[PDB]
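Chains as they are written, first to last, in the entry's author numbering: chain G, 37 to 98; chain I, 37 to 98; chain F, 37 to 98; chain E, 37 to 98; chain H, 37 to 98; chain D, 37 to 98.
Every residue gets a Cβ at the ideal spot worked out from N, C-alpha and C, and that includes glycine.
One structure is given below, encoded as structure tokens.
Number of protein chains: 6
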Amino acid sequence: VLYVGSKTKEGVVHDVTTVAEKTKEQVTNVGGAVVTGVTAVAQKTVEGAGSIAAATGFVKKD
Amino acid sequence: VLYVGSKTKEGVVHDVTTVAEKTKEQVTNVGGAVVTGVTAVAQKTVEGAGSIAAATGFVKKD
Amino acid sequence: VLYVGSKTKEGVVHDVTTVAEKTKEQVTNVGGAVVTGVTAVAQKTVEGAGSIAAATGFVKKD
Amino acid sequence: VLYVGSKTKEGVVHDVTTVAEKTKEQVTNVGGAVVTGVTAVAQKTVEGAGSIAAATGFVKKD
Amino acid sequence: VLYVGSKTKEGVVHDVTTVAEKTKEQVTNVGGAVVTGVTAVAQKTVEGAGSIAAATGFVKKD
Amino acid sequence: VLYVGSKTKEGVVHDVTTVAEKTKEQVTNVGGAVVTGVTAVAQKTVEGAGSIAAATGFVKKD
């Protein structure tokens, strides 16, 4: 194996643009999970049994 | 293996731009989790059983 | 293995830009977790059973 | 005018790959110009009368 | 004018890769110009009358 | 004018990779100019009349 003048990009996030203007936003939350923002997760390896990799807005009442 | 003039990018986040202007935002939260901001997680390796890698807005009432 | 004039970037976050102008933001929080800011986590290795790697806005009532 | 999370690329050259293997190449040159290599020119502005912008393999016997 | 999380690239050259293996190359040159290598020129502004901007392999017998 | 978390790249050269292996190269040169190497020129402004900006392999017998 050999790379010459190359580029590898395993597991990335880029160029996320969010323009929000003139916004009203009310939220009442009891017990649950409210997610209103921007999220960006970048993982190469996530190993494991029962694992929860990159949860967002999660409610687990086991 | 050998890299010449190369670039490797395992597990990265870049170029996240969020423009917010003229914003009102009210939040009442009891017990739960409210997430309104910008998040960026970059991990190469996350190993383990039952592991929770990069949770965001998480409520676990086990 | 050998790298010549190379660049490796395992597990990084860069170029996170957040412009916020003219913002009102009220938050009442009882018991839970409110997360309104910008977060950036960069880990190469996170090993362990039941581990919680890079939690953000977390409520655990086990 | 305003750019948000943008990219401008006025006048560029990129991703020029030339693989040459097992090559014999003889050149005799008298008076003239022999050009056998790879060239990449990138200019934003070249102004002027009679100007010669980015000549390659040029012979001028005025 | 205003740029937010932007990128401008007026007049650039990048990612020029030339792999040459097992090459014989003879050159006899009398008076003229022989150009066998890799060249990369990057100029933003070149102003002037009669100017020669980025010549490569040039013979001028005026 | 105002830049926030930005990048400007007026007049640059980058990521020039030249791998040469097992090469024989003979050159006889009388009077003229032989150019066999790698060249990279980066100028922002070159002003002037009759100017020669970034010549490479030049012979001028005026």
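By alpha-carbon positions, which one of the options ends up nearest to residue i?
i, options, result
"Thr-44 (chain H)", "H:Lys-80, H:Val-95, H:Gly-93", "H:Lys-80"
"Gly-41 (chain G)", "H:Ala-90, H:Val-49, H:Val-55", "H:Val-55"
My guess is that residue i and residue j are in contact by the Cβ rule of under 8 angstroms, so how many angstroms apart are they, rounded?
i, j, result
"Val-74 (chain H)", "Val-49 (chain E)", "Actually they are not in contact, since the Cβ atoms of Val-74 (chain H) and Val-49 (chain E) sit about 12 angstroms apart, beyond 8 angstroms."
"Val-82 (chain G)", "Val-82 (chain I)", "5 angstroms"
"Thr-92 (chain H)", "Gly-84 (chain D)", "That belief does not hold up - the Cβ atoms of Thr-92 (chain H) and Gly-84 (chain D) are roughly 20 angstroms apart, past 8 angstroms."
"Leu-38 (chain I)", "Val-63 (chain F)", "The Cβ separation is near 53 angstroms, so there is no contact."
What do you reckon, are the CB atoms on residue i and residue j nearer than 9 angstroms?
i, j, result
"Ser-87 (chain I)", "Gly-47 (chain F)", "no"
"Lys-58 (chain F)", "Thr-59 (chain I)", "yes"
"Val-52 (chain G)", "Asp-51 (chain I)", "yes"
Measuring only between beta-carbons, confirm whether residue i sits less than 9 angstroms from chain B.
i, result
"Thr-53 (chain E)", "This model lacks chain B altogether; the protein chains it does include are G, I, F, E, H and D."
Is the segment 63-78 of chain I close to the segment 57-69 of chain G, with three or more CB pairs under 8 angstroms? Contact annotation: the segment 63-78 of chain I touches the segment 57-69 of chain G, with at least three C-beta pairs closer than 8 angstroms.
May I ask you to list, following chain order, the residues of the segment 59-78 of chain E that have a beta carbon less than 9 angstroms from some beta carbon of chain G? If the cut-off is 9 angstroms between Cβ atoms, the segment 59-78 of chain E has nothing near chain G.
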